[PDB]
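All chains are named by letter (A, B, ...) in the order of the sequence lines, taking the proteins before the strands, and each is independently numbered beginning at 1. Heavy atoms only: backbone and side chains are in, while hydrogens, waters and symmetry mates are out.
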Amino acid sequence: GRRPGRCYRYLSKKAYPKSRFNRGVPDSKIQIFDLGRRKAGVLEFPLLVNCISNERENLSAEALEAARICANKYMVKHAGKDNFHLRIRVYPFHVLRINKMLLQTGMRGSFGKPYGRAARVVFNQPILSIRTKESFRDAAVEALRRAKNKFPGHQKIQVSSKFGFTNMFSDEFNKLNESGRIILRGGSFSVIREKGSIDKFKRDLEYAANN
Amino acid sequence: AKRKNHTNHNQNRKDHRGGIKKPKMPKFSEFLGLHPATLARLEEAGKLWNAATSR
Amino acid sequence: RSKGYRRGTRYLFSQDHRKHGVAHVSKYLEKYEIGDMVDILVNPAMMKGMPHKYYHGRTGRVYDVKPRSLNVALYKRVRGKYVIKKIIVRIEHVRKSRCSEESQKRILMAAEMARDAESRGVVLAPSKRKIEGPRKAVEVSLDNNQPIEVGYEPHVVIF
Amino acid sequence: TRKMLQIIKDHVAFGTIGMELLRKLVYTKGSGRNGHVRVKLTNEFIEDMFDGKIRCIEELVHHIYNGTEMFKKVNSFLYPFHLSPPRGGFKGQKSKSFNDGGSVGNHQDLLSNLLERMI
Amino acid sequence: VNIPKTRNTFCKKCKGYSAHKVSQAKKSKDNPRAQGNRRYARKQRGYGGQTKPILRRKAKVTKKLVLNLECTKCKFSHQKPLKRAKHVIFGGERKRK
RNA sequence: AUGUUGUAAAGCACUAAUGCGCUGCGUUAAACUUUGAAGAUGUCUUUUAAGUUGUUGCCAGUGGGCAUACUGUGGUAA
RNA sequence: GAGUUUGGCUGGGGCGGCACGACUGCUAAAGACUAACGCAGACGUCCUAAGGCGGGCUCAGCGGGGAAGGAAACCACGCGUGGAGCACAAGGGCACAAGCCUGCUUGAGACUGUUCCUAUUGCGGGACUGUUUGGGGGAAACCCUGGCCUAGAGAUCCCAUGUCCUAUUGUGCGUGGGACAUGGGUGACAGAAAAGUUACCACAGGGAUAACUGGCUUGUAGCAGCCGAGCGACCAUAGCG
RNA sequence: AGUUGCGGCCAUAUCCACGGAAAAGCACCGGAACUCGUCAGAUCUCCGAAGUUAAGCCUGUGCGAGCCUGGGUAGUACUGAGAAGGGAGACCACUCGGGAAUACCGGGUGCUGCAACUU
Ligand SMILES: [Zn+2]
């Protein structure tokens, strides 16, 4: 029947993961977490837009699958297929239970059985993130606004000052990219420190000038 | 029928009335099961115990 | 929850990360005497002669020495009173206690100058310690060490 | 004694007192002890308890004010002062903390403008 | 369980070690002149039926195994108990490494 | 003065999980721990502060509890 | 035809299960103690070696080689912190070892005392000493009183066997009695000798406990909102969602 | 000043690459009648002294991997003791106290005991 959402909104103290004492758990409903072009280079998509949490609560696996379709379809219609990269950042590890009173036994023997899955979420945690070009800014702020109508509670949308999916501020990444200390291969990056052999250090400079 | 099972409520208040007292250590003539090597030098072994637990 | 002898000791009786292996040799060369204070501290690699988990981390006083073992006396609380207990422990689960180091080097120097005072006749026993008192006085100067001018400093946020 | 005062800080008010207010306590509300028995502070009862020592009330006040190593015997000789309520009231919730606007805790050197209305 | 048929061990008569033979010990007959059986038999005469309870509600399959150690000189015996052991064998055919 | 501890938080060094990019970025734990508090808990010294009990006789009632501040467990919840 | 019996726990009782004796990890909030028909499992055995001791060795796995030879046969070099094994549940422990191979053995001897779990307390299971006209292994230091450690457990009364004593008017005995130690068993495991039915029914009580109303709750039941993918010949909102 | 024999604490001592080394030592090294042990004198056991510093042992080097100790992260997270504070709740705030942890940066790389021997 799928009970209403208010029955499993708030966090228990401990998480109840699927592992070897549990064994009877249904499969997760979201299976894709990375959409868009997804192989673009780190220099291509400089802008980052997040959706931040203002609650402590569970996020259903159904609500995460419904918000992903809603946000992908808008960016494909207004931005273009090869113009963004979208990422889900949660993974529902927690398992929910039900006590299943079908004249039965009542509160006698009431430890319940596996029911569904959810992700646990805390104050100021990101939920969805998008990296794109500086011109498709208003398309990304409008796609995420439509998708948080799928979630319970309050959430905020912010435009960040970090560089893409690097976890690094925009002006620190820039002055390390001019000194030739960033190795940029297809999809990922890497920094070069002054720490090892001097010979090994100078091959890295040659990679970072070509690759 | 079906009632409560267990509680430790009020049990610290009972244990603390009149203080929680310590006995005194014995005088080395009261210990049993001593080794024969200590039964030889019994006079100057009692000096070490009796002067440490009553110092 | 059941009540075997080694009940509920998964973390208490364990080695501590790159400190595995059996007892080292200096642990057999220590010399124990009647009246010493000792710490009980289980080594989980030695199976024989070990005490019950209640006594791990307690300090006791020696009253007898056997060819491989010691007898220790100490106090245990049982809901409203204390009781004396007699433990038998092998030499591998025991170490000397440093719990009287402060009090012994202070009582030593006291009798030291007492002999050095009777040599001169002028003596005096009372040398009690005192707790730390209120505060003495200060004469702070600003010829160097110029002040730094601190304050409330408006609030900033970065995301 | 500073640690012991951290334990009872939500029930008392403590702080520092000067010398003109300390003389006004002992002369107005002071008594002695013969061991559980309360005796009046005369010059003759004071000599019998400190034989070759203090003989007036003003000497008791000047050992308390300094350290003077007779502090412990002079403070045990006194009986606790029993005061009145303050004329005017407290002006606060009074079970709130002093730095938060109440009357309980450390008044450090402003304790005199509560104690002078209770004597 | 497989136990050998001979053993060297201490004899309380010889007061040293010697060779013994091993087997299983068992219960003999009860005799009717011991005072307990005398008492139980006069109580069951006449009218009244069963006096003295008898046990139902049993729970046990095994008995302790008790050995008989018989010295080949002086012919002195002593008994010795072991654990539960459903099956017992005294001959041998040792299991080979 | 000198010993004991493995929780909260955090983390990936072991056990069990989890998306991508072809070295990095992303997500987890009552029955995971490389780390690790606040708090608790042993012993010595009144030759530290502040304060001012030991031994034993004859005997009663009681062994359905409940509320709350903070803190857990089961339950959609009460 | 007579007399009598036909346990208990329990989100009412009954049916079912055993949370009724007992071991490991978690619930448990960094000393110890701590509840639920809370979670995940295991117990009523097995072993003359799978017990004791001396010596010699190294395991899971990976890399490069070798007639028939292949995904898997056996020889053999270079590495391998245990990523393997150790009767069984789980936790702890272990590398010239507690693992593998091998030699000899019956300490799985006879007695005796102190102490822990553990108390106001029995039984049980462990630890540590002493005494022997006593063993085994080893050149020797040294170790050994069952199983690498934490489970595998049974009173009073009666009977069977062994050692030391004994029956009061005296002496014996093919007739008995005792002290101590082991075995025969009570699993509802501090331990009665025990089948049902009553709608023909009785008595002492119980709101400590059900079958109707009220009260707290809202999973289910009923009635509503928000979003905007689609539909509506065109056209997200005429109506739908 | 070192090496060797027997050690205590058990990585600041370990692991990987190159180099150095006067005198002694420690080795590698030549053999199998006896002792002892193997499929095999490879290992183990006995008897030796022609040769060599090639290795082992000991010492240097490296913006080396690890380990040890500091800084930053940060008065942040969490938290002991209080009060008729706010909020539908989830939870947030205030007063007096205590106070962590990766990623990043800097510096270090065995210390000692008893004995014998070496220009
Ligand atoms: Zn014999």
Side-chain angles (χ1 to χ4, degrees), chain A residues 3 7 10 14-15 17 19-21 33-34 38-39 55-57 73 87 89-91 93 99 106-111 149 165-167 185-190 194-198 201, chain B residues 1-3 5-6 8 32-33 35-36, chain C residues 2 4-6 9-11 13-14 17 26 37 39 44-45 47 49 52 54 56-59 66 69 86-88 97-103 106-107 110 127-129 131, chain D residues 1 6 9-10 95-97 99-100 105, chain E residues 1-4 7-10 12 16-17 27-28 30 33-36 53-56 59-60 63-64 66 78-79 81 84 94:
Chain A
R3 302 173 138 171
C7 298
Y10 292 126
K14 301 185 289 197
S19 81
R20 76 204 172 265
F21 302 107
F33 299 83
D34 276 285
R38 174 173 101 170
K39 288 182 177 188
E55 305 269 322
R56 281 170 61 90
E57 61 186 14
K73 264 193 205 150
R87 174 166 283 174
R89 297 186 62 180
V90 281
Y91 209 83
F93 290 107
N99 185 21
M107 289 316 281
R108 162 186 282 187
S110 79
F111 189 88
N149 287 322
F165 292 169
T166 63
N167 218 52
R185 305 322 311 264
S188 53
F189 75 101
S190 175
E194 321 172 341
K195 273 163 77 188
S197 300
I198 285 182
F201 163 75
Chain B
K2 177 254 281 182
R3 290 171 203 103
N5 301 290
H6 165 74
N8 211 58
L32 289 174
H35 189 84
Chain C
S2 72
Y5 202 81
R6 190 259 176 196
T9 43
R10 158 166 194 184
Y11 296 94
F13 285 179
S14 292
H17 184 68
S26 87
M37 298 319 269
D39 308 324
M47 296 305 112
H52 192 264
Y54 186 87
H56 173 82
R58 309 274 75 72
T59 298
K66 299 296 164 68
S69 197
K86 294 158 208 180
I87 303 298
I88 302 175
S97 185
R98 284 180 59 198
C99 69
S100 297
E101 267 183 349
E102 195 272 332
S103 178
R106 176 169 47 76
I107 291 177
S127 63
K128 280 193 211 231
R129 294 175 284 175
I131 314 287
Chain D
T1 56
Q6 272 303 291
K9 93 206 171 205
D10 313 293
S95 81
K96 258 186 183 150
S97 181
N99 276 6
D100 201 359
Chain E
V1 159
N2 175 209
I3 303 169
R7 271 149 66 150
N8 305 328
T9 193
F10 186 77
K12 268 202 262 205
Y17 265 66
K27 286 283 142 56
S28 297
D30 178 69
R33 286 157 269 124
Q35 187 168 53
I54 74 161
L55 192 82
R56 307 155 146 97
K60 261 181 202 300
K63 302 188 195 293
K64 313 259 216 175
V66 180
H78 58 109
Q79 281 87 30
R84 286 270 167 182
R94 291 188 147 239

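G:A153 makes up no base pair with any nucleotide shown, lacking Watson-Crick or G-U wobble contacts both under 3.5 Å. Within the shown strands, H:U3 is the pairing partner of H:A116 under the Watson-Crick or G-U definition, both distances less than 3.5 Å. The nucleotide H:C18 finds its pairing partner in H:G60, both defining distances of the Watson-Crick or G-U wobble pair being shorter than 3.5 Å. In this entry F:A67 has no Watson-Crick or G-U wobble partner, no candidate having both defining distances under 3.5 Å. The nucleotide G:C158 finds its pairing partner in G:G184, both defining distances of the Watson-Crick or G-U wobble pair being shorter than 3.5 Å. In a base pair of the Watson-Crick type (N1 to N3 plus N6-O4 or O6-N4) or a G-U wobble (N1-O2 and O6-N3), with each distance short of 3.5 Å, H:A11 is matched with no nucleotide. Across every strand in view, G:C203 sits unpaired, with no contact that passes the Watson-Crick or G-U test at under 3.5 angstrom. The partner of G:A95 cannot be assigned: no Watson-Crick or G-U wobble pair with both contacts below 3.5 Å exists in any strand.
Nucleotide G:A49 carries a south sugar pucker, as its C1'-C2'-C3'-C4' torsion angle is negative. Pucker check on H:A84: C1'-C2'-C3'-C4' negative, sugar south. The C1'-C2'-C3'-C4' torsion of F:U33 is negative, so its sugar falls on the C2'-endo, or south, side. Sugar pucker annotation for G:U132: south, assigned from a negative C1'-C2'-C3'-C4' dihedral. Pucker annotation for H:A74 reads south, on the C2'-endo side, since its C1'-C2'-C3'-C4' dihedral is below zero.
Taking side-chain N and O atoms only, E:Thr9 has a distance below 4.0 Å to OP1 or OP2 of G:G107. Taking side-chain N and O atoms only, A:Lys73 has no distance below 4.0 Å to OP1 or OP2 of G:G228. Side-chain N/O atoms of E:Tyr17 include one lying less than 4.0 angstrom from OP1 or OP2 on G:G107. Regarding contacts with the backbone of G:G11, a side-chain N or O of A:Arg108 is found under 4.0 angstrom from either OP1 or OP2. Proximity of E:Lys12 to the phosphate of G:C111: a side-chain N or O atom is located under 4.0 Å from OP1 or OP2. Distances shorter than 4.0 Å separate none of the side-chain N or O atoms of C:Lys128 from OP1 or OP2 on F:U48. Of the side-chain N and O atoms in C:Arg98, one or more sit less than 4.0 angstrom from OP1 or OP2 of F:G3. When the side-chain nitrogen and oxygen atoms of A:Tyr91 are compared with OP1 and OP2 of F:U28, none of them lie within a distance under 4.0 Å. Taking side-chain N and O atoms only, D:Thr1 has no distance below 4.0 Å to OP1 or OP2 of F:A50. At F:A13, none of the side-chain N or O atoms of C:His17 fall inside 4.0 Å of OP1 or OP2 (strictly under the cut-off). Between E:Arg33 and G:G176 there is a side-chain N or O to OP1 or OP2 distance below 4.0 Å. For the OP1/OP2 pair of G:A49 and a distance below 4.0 Å, the side-chain nitrogens and oxygens of E:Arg94 include at least one atom meeting the criterion. Contact check, A:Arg38 against F:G21: a side-chain N or O comes under 4.0 Å of OP1 or OP2. Residue C:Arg6 has no polar side-chain atom (N or O) positioned under 4.0 Å from OP1 or OP2 of G:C117.
Under a 3.5 Å limit on both donor-acceptor distances, the bases of H:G80 and H:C96 meet the Watson-Crick or G-U wobble criterion. With both hydrogen-bonding distances under 3.5 Å, G:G61 and G:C79 qualify as a Watson-Crick or G-U wobble pair. For G:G78 with G:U218, the Watson-Crick or G-U wobble criterion does not hold with each of the two distances under 3.5 Å. In this structure, F:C25 forms a base pair with F:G19, meeting the Watson-Crick or G-U wobble definition at 3.5 Å. For the criterion of Watson-Crick or G-U wobble pairing, both bonds shorter than 3.5 Å, the nucleotides F:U33 and F:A10 count as partners.
Backbone-only contact: C:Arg10 has heavy atoms under 4.0 Å from sugar-phosphate atoms and none from a base. Using a 4.0 Å heavy-atom criterion, one finds that E:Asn2 contacts the bases of the nucleic acid, with or without backbone contacts as well. C:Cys99 comes within 4.0 angstrom of a base, heavy atoms only. E:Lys27 comes within 4.0 angstrom of a nucleotide base, judged by non-hydrogen atoms across all strands. Backbone-only engagement by C:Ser103 is indicated by non-hydrogen atom pairs under 4.0 Å involving sugar-phosphate atoms exclusively. Nucleic acid contact class of A:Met107 (heavy atoms, under 4.0 Å, all strands): base. In this structure, C:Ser14 reaches the sugar-phosphate backbone alone: every heavy-atom distance under 4.0 Å involves primed, P, OP1 or OP2 atoms, never a base. A:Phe111 comes within contact range of the sugar-phosphate backbone alone, with a heavy-atom separation under 4.0 Å but no base atom that close. Residue-level contact check: E:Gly36 touches the backbone only, with heavy atoms under 4.0 Å from sugar-phosphate atoms and none from bases. When heavy atoms are screened at a 4.0 angstrom cut-off, E:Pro4 is found touching base atoms of the nucleic acid. Heavy atoms of C:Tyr11 sit under 4.0 angstrom from primed sugar atoms or phosphate atoms, though from no base atom. At the heavy-atom level, A:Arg89 lies under 4.0 Å from the strands shown only through sugar-phosphate atoms. Within 4.0 Å of A:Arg185, counting heavy atoms only, lies no atom of the nucleic acid at all. No contact: E:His78 has no heavy atom under 4.0 Å from any strand.
Counting atom types as modelled, A:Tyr10 pairs a side-chain N or O with a base atom of H:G89 as donor and acceptor under 3.5 Å. The base of F:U43 does not come close enough to the side chain of C:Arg58 for any donor and acceptor atom to sit less than 3.5 Å apart.
Rounded to whole Å, the separation between the P atoms of H:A33 and H:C47 comes to 15 Å. As rounded to the nearest Å, H:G25 and H:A50 have P atoms that lie 15 Å from one another.
With a glycosidic angle more than 90° from 0, G:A193 adopts the anti conformation. Nucleotide G:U163 is shown with an anti base, its glycosidic torsion being more than 90° from 0. Glycosidic conformation, G:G172: syn, with the torsion inside 90° of 0. A syn orientation is assigned to G:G11, its glycosidic angle lying within 90° of 0. Here G:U209 is in the anti range [glycosidic angle more than 90° from 0].
Taking the side chain as every heavy atom from C-beta outward, C:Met37 and C:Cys99 approach each other to under 4.5 Å.
Out of G:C47, G:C149, G:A110, the shortest distance to the side chain of C:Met47 is found at G:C149. Of the candidates G:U129, G:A208, G:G187, G:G187 carries the atom nearest the E:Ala59 side chain, counting heavy atoms from C-beta on.
Place A:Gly196 and A:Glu57 on RNA chain H by their nearest nucleotides, and A:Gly196 ends up nearer the 5' end. Judged by closest nucleotide on RNA chain H, C:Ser26 is the one of A:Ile198 and C:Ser26 placed further toward the 5' end. Position along RNA chain G of the nearest nucleotide to A:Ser110 versus B:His35 favours A:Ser110 as the more 5'-ward residue.
For the consecutive nucleotides G:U34 and G:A35, the six-membered rings of the bases fall outside the stacking limits of 5.5 Å between centres and 30° between planes.
Taking a centre distance below 5.5 Å and an interplanar angle below 30 degrees as the stacking criterion, A:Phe21 stacks against the six-membered base ring of F:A31.
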remark   = Contact string for nucleotides 93-106 of chain H, one letter per nucleotide 5' to 3', B = base within protein heavy-atom range under 4.0 Å, S = sugar-phosphate only, - = neither, reads -SSB-------SS-

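Scanning both residues, A:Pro17 and A:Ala15, for their nearest heavy atoms gives CD-O, 3.3 Å.
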